[PDB]
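The numbering of the first sequence is the authors' numbering, which starts it at 342 and goes up by one. All C-beta atoms, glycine included, are put in the ideal place defined by N, C-alpha and C.
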Amino acid sequence: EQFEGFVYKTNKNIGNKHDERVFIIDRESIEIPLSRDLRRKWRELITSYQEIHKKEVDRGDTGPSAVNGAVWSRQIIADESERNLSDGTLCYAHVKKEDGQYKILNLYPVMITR
RNA sequence: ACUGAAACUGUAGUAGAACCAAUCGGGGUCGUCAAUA
Numbered sequence: 342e343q344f345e346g347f348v349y350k351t352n353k354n355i356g357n358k359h360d361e362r363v364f365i366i367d368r369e370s371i372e373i374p375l376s377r378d379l380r381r382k383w384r385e386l387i388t389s390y391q392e393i394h395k396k397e398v399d400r401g402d403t404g405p406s407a408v409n410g411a412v413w414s415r416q417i418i419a420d421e422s423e424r425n426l427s428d429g430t431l432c433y434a435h436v437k438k439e440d441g442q443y444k445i446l447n448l449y450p451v452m453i454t455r
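Here it is in C-alpha cells:
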C-alpha cells in the first residue's frame, strides 16, 4: 500500500525496540474536541516524565540505568515545549467506544505508557 | 551734655518594671523504571 503521514520517532528506549511508528494519515481519520482536561493531564504527565529523571539526565546518563542498550525517550529529554500540547503535536490517544462515540481518556507519548 | 555695674537656666530625678527563644517531628525505610514486539 501507499500511505502518507508523519513519523512518530521516539528513541531506542528499550532493548528489544527495532522500529519507529509512522501515522498513516492517508486513510481513515476521526476528529475529537481537545478538552482542557486532557491539556492539564498531558502537562502533568509530561512533567512527571521530565522531572523524575532530571538528576539522571543532568549528570549526563544517556539512558535509564535499569534498561540496557537504551536511551532516554523523546518526551523525557525534550524541552518544556513538549509539556505544552501545541498545534500539530503528535500523541497516542487512549480511547474507547461508548454511547456510540469515541471517548478519549488520555494522551500518551508512548505505546506502553507511564 | 556721655554705654550702668554685677548675676552659671540651674537644682532633685537609675529608661525602667513585667516577659522561658520556645512549640511539633522514631535518623527513617522497597519496587519501581523504561516501551514496545
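Kindly indicate the opening and closing residues of the alpha helix (DSSP H) around residue i.
i, result
"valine 398", "395–399"
Buried or exposed: where does residue i fall if 16 or more other Cβ atoms within 10 Å of its Cβ makes it buried?
i, result
"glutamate 423", "buried"
"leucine 375", "exposed"
"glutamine 343", "exposed"
For residue i, which residues from the same chain have a beta carbon less than 6 Å from its beta carbon, with the 5 sequence-adjacent residues on both sides left out?
i, result
"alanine 434", "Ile445, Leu448"
"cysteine 432", "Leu448"
Which residues share a DSSP beta bridge with residue i?
i, result
"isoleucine 373", "None; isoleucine 373 has no bridge partner."
"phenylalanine 344", "None, per the DSSP bridge assignment."
"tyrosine 349", "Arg362"
Between residue i and the rest of its own chain, which residues show a CB-CB distance below 8 Å, the 5 nearest in sequence each way excluded?
i, result
"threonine 388", "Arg424"
Span of the beta strand (DSSP E) holding residue i?
i, result
"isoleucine 365", "362–365"
"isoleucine 445", "442–449"
"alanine 419", "Careful: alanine 419 lies outside any beta strand (DSSP E) and carries neither H nor E."
"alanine 434", "433–439"
Inset, instruction - Please confirm if the segment 349–368 is in contact with the segment 408–426, defined as three or more CB-CB distances below 8 Å between the two stretches. - result: Under the 8 Å Cβ criterion, the segment 349–368 counts as touching the segment 408–426, having at least three qualifying pairs.
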